[PDB]
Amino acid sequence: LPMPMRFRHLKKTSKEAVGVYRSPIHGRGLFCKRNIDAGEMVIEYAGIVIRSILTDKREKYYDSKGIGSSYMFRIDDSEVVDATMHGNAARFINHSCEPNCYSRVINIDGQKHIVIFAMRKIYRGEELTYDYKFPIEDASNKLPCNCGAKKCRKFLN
């Protein structure tokens, strides 16, 4: 299937297949509401697409408002999706060290989208997770991982 076709299908179906709920990992997460088969698109990490150079300015602006989580998702060296103020339920997908989903950039009509795909068959009730792949920071700003995996690396950083 041409990627634009399964991308529209995604947009037409994601709201029915996933939902936001309380999470044992941390606060709110995204949960599977119907079985999702391996390799299927789950949801887009939607937001405001910005040039990479605007990232740092927006980050310090957001810390000047107190937002403690990072809702920015890098597409490539030139662009970033900013979901801090405008975005969808993909905002709430937690990190796991043994995740059941992965992220992937797709090209649609000369525009890039960050899409989350099912790494395996995912069953109703499972919490959806992917590896944030945060760059490794120094131990003054390590964030400890509560993903619960047996192979947990203990921080997101």
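All residue numbers refer to positions in the sequence shown, first residue = 1.
Participant: Tell me which stretch has the larger mean Cα B-factor in this entry, 58-66 or 38-46.
Facilitator: Higher mean C-alpha B-factor in the PDB entry: 58-66.
Participant: Should the higher mean CA B-factor in the entry be assigned to 92-100 or to 47-55?
Facilitator: Looking at the record's C-alpha B-factors, the answer is 92-100.
Participant: Taking the values straight from the PDB record, which of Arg28, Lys33, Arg120, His113 has the highest C-alpha temperature factor?
Facilitator: Each of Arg28, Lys33, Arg120, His113 was compared by C-alpha B-factor; the highest is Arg28.
Participant: Would you mind ranking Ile108 by its C-alpha B-factor against the rest of the chain and naming the third, lowest, middle or highest?
Facilitator: It belongs to the highest third of the chain when residues are ordered by C-alpha B-factor.
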